[PDB]
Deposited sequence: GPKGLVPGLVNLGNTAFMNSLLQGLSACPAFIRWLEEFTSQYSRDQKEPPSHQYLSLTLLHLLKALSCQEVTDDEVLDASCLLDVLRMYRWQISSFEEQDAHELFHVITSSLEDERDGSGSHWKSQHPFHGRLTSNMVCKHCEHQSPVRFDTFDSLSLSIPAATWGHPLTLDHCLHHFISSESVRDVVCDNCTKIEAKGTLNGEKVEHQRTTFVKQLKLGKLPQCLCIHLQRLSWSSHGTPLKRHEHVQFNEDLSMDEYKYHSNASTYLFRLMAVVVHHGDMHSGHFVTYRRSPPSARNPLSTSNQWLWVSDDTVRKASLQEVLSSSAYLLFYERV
């Protein structure tokens, strides 16, 4: 077969089990983990993560294997993420908790302090004052995921992932900005135009569709609309540099939320482990995992899902 092992959900941990299936569908993240882990050759999160990430990336060793990631949650919630005992949580929040530990872990290593994990990308913040036309020097900031506000729906047209990306990189006018050039001409306050674009792309792209918005009325609102993503994603449009290398990404896993704005459940659409004969080629058989339950899924089912976290890996 081509089934992956499940994950035991004890006390509302689908947010974790779902994220792990998605992370384990990323060969590059496991390769960086195995290389990073090599410096240690039990509170090393990279090690405990690799143990579960490796097991989920290979097929189940036994019949209908159901794994247990209590080790991961108990390591994180000791000091880093002291969460209430049975409280439902956001899978995207755990992703950034897992990232911050890997980054902290990498910062405390003499040999690997320079090695970035494959989810590491860079954003560019461009600014220019409208009143004096003076451009600001480009800033560069790190991102481990792209949290895209889902834009307003068009009449009958479906919402696309590319619409979200275009909305994230779109330009905009920010008011009440302090201008140095204008200040010396006091502290003058003009309005600038600001724009985000991607300076460096990760090998492992994690997209976060903000399905939780804030209404005009002042209440949490959950966006249920289908956002249409593709199996193949081109990121050349959203890069800062003109220098043309092609940036094609291929979908590995989809994390989906089921519920309202307050609670619910997380499931994952992911690819199958590659065949033993050709283990460096991405499988085409997709899988559906709801904690312990692992079942075969069609590519159409995957793409027809209300995506929340989309995991891409560069080809």
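Residues of the deposited sequence that lack C-alpha coordinates fall in the stretches 1-2, 44-51, 196-206.
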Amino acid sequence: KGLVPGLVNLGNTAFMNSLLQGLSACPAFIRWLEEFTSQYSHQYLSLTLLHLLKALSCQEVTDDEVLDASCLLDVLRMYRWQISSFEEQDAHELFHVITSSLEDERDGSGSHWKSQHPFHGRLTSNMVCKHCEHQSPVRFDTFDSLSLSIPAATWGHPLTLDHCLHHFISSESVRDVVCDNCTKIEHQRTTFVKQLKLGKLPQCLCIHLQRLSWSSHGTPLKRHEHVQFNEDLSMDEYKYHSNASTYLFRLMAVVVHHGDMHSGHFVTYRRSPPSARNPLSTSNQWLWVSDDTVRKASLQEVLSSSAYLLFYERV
From here on, numbers count along this sequence of modelled residues.
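Just going by the entry, 242-250 versus 280-288 on mean CA temperature factor gives the higher value to 242-250. Once the C-alpha B-factors are averaged per stretch, 161-169 and 133-141 rank with 133-141 first. Ranking 49, 61, 255, 28 by the C-alpha B-factor listed in the PDB entry places 61 at the top.
The PDB entry assigns the greatest CA B-factor among 213, 147, 99, 216 to 216. Ranked within its chain, residue 262 lands in the lowest third, by CA B factor from the PDB record. In the PDB entry, residue 108 places in the middle third of its chain by CA B-factor. Compared with the other modelled residues of the chain, the Cα B-factor recorded for residue 10 ranks in the highest third. Annotation for residue 70: CA B-factor lies in the middle third of the chain's modelled residues. In the deposited entry, the Cα temperature factor of residue 205 places it in the lowest third of its chain's modelled residues.
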